[PDB]
């Protein structure tokens, strides 16, 4: 436009964990002159894992070349990891995007697309064993950066790394202004956001509850890895 419009794109897919997307979306959409896209095979309604309905704004084919791509996570990642069109789109955009990012098991989609080989990366704690088969150097940190690749472990990690992106695309003062204008000042009333700080009973419950999903996602991951290896 009259200024350089940073093109920011989020993959929006059925059964996305919507907050993984909508958090970084609202932060990045607050930045000067940007244009933010919600990308799927087609524009139109896409249902998140909660049933909340989001609207894709562009197809893969019509999406502009992105400066920032972000792959959120959620239940729908398992399908996406074997979606040949989606993986081809992600590889195309990642080839030249200044920033390639993900939240939770969105990094396993990056991995299935061949974008994690030899890269430090994280994913959701319950699925962290799935990084190494996709070639990643697995790291247990809230946001892992390797060059222009930023992978966030937990649900709101994109809110936090969105401020990092703001600071580099614009300047620190701009990032701080957005944080203050939004009044982003988290203070959770529990300390159970990590398996290392939650009560052991709670960790055991969570790991038992994720077992079938992990088992399926492991099968998917190993198929994805085998494709990359061939």
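Numbering follows the first chain given and starts at 1.
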Comparing 65 to 73 with 186 to 194, where is the mean C-alpha B-factor higher? 186 to 194
Mean CA temperature factor from the deposited coordinates, higher in 197 to 205 or in 45 to 53? 197 to 205
Of the choices 109, 121, 159, 94, which one's C-alpha carries the largest B-factor in the record? 94
Compared with the other modelled residues in the chain, in which third is the CA B-factor of residue 31? middle
Third assignment of residue 222 from its chain's C-alpha B-factors: middle
Residue 166's Cα B-factor: lowest, middle or highest third of the chain? middle
Comparing against every modelled residue in the chain, figure out the third that the C-alpha B-factor of residue 154 lands in (lowest, middle or highest). lowest
Split the chain's modelled residues into thirds by Cα B-factor; residue 99 lands in the middle
